[PDB]
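Here's the structure, in structure tokens; my notes come after.
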Amino acid sequence: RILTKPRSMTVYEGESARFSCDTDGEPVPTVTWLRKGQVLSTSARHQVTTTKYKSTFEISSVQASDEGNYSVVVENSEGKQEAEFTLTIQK
């Protein structure tokens, strides 16, 4: 149920940008990073990565086609939620 949401910021390009949230489930919930960025989930220049009870979205080598405003829709065997933030990049 969204134990904790990630933060936000504005990086330059492949500088840092690190995100990490937490979510309960039954058992183990599911996450869906997405924000006009191809559901993030490591789809090109991103570096997402979920874990047992906590996920993490990392942005590296981000070109001029990722922008920040990134959210995370996390569901569960019998639940549904989401979060949102924004990690831009001054290419």
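Numbering-wise (the entry's author numbering), the sequence shown opens with residue 1 and increments by one. From the three backbone atoms N, C-alpha and C, an ideal C-beta is built for every residue, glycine too.
Requested in this report: State the DSSP-derived secondary structure class of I2, mapped to helix, strand or coil.
Outcome: Working through the sequence shown from its first residue, we reach residue 2 at position 2. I2 falls in the coil class under three-state DSSP.
Query raised in the report: Under 8 Å between the Cβ atoms of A83 and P6?
Result: Along the sequence shown, read from residue 1 onward, the residue named residue 83 stands at position 83. Along the sequence shown, read from residue 1 onward, the residue named residue 6 stands at position 6. Result yes, Cβ atoms of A83 and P6 sit closer than 8 Å.
Query raised in the report: Taking Cβ to Cβ, would you say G37 is nearer than 8 Å to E67?
Result: The residue given as residue 37 occupies position 37 in the sequence shown. The residue given as residue 67 occupies position 67 in the sequence shown. Contact: yes.
Report task. Please determine, among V28, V73, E15, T56, the residue with the shortest C-alpha to C-alpha distance to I89. Result -> Locating residue 89 in the sequence shown gives position 89, where the first residue counts as 1. For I89, the nearest C-alpha among the options comes from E15.
Query raised in the report: If you compare alpha carbons, which of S8, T4, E26, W33 is closest to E78?
Result: Against the sequence shown, residue 78 aligns to sequence position 78. Comparing Cα-Cα distances from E78 to each of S8, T4, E26, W33, the minimum goes to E26.
Query raised in the report: When you compare each of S60, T56, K91, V62 to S71 by their alpha carbons, which one comes out closest?
Result: Indexing the sequence shown from 1 puts residue 71 at position 71. Answer by Cα proximity: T56.
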